[PDB]
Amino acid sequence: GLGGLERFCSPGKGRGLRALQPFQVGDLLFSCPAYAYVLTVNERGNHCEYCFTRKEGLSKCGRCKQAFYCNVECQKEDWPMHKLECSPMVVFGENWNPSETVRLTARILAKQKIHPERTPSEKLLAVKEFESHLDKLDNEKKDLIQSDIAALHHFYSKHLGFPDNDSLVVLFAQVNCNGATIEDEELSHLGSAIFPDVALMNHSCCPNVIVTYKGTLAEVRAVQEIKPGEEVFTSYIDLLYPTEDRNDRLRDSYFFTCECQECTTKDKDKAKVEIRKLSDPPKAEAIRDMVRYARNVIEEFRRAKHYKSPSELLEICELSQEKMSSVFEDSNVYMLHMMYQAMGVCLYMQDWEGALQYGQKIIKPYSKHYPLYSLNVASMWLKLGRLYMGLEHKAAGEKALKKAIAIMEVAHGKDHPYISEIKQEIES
């Protein structure tokens, strides 16, 4: 398996990963090549399909004209997977729209068909041993999975010999509980992948490691000191939100309730739900009313941004901030949430000054709500630094970039290509 590590049975968590030797903050616990992976549609042309390297002047697949490569070698290496989509993409035309989960599952089945034996990605845990939580799925969940299976048959029937329906349901549930989004240095979505050895790690809201990505390779580095015998815990979710929100998401997606220190004590929750200390104290029921409102408007915005204009979205953020502010301080995570969304739609609108203005009032609370080494914090420092540099505020830009580097050296490793790029952006 992996030196200095050991698969074991973690009480109340099923199987987990334990350390057999000490690891210091920044040490590399291990690296894991992707078992199967797929680049998200919106990043085609920016990244190489095979190795995920970002560069300009990628070779275009002459066949489908929708898959870009470093060279003919990367193209050849990606052909066993790319042929699943090359011709269907041109035949279906505009009707080709499988969800990313379907694309990934199709590549999983292909990888099992050609490489049925244990891969180097499965040193400690094989794909077939994945947890499915089949018995927990309600009818709504089952019907969503059945819709994905229907799409799988619809777009990938010519190249894959499919197992029976039951097995496909198990596979999709396993993907939903073990899949891994790949994000860039600004936590922008690059694609989805299966990292069997990485999936073994259980969740904690105070994790001791962070998973970063070097192309299609997952790397796992410590963000706290790990001693022999201690279990290795990563985070599955955004840690910004209070305990009940986190466990709502964990129950919904992974079907378990977390009992880590943050969940048991809920101490940071008080900072996260900051109430204005005004002459008139809000009553508890008014607080809970505004909290419910906040959680509702967050979901409403997730929906609205698919069919609404950017300015309409900014209006939603501005109006919700005013209403919520009557009760919530600006450091409240629901205010920060709407500020972050406003920053994103301003970034899309290319209003760099506006987005910078929002980002400035986001990093101060962000830094304290998130753990010491957090990719969310690093990415915010990086976005800020790049806006500063773009608007020629070099002094403040360099400051922000160094803060990002300080966290990334730990999480990504000091020799990571991203850090080289950022140091170039300081010297240029």
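The first residue of the sequence shown is number 1, and the count goes up from there.
Stretches 248-256 and 161-169 differ in mean C-alpha B factor, with the higher average recorded for 161-169.
Averaged over their C-alpha atoms, the temperature factors of 277-285 and 114-122 are higher for 277-285.
The maximum CA B-factor among the listed residues 390, 26, 33, 359, taken from the PDB record, is found at 390. Annotation for 321, 216, 350, 181: 321 ranks highest, by Cα B-factor. In this PDB entry, residue 406 carries a Cα temperature factor that places it within the middle third of its chain's modelled residues. Per the deposited record, the Cα B-factor of residue 48 falls in the middle third when ranked against the other modelled residues of its chain. Compared with the other modelled residues of the chain, the Cα B-factor recorded for residue 186 ranks in the lowest third. The entry lists a Cα temperature factor for residue 41 that places it in the middle third of the chain's modelled residues. Per the PDB record, residue ranking by Cα B-factor puts residue 196 in the lowest third of the chain.
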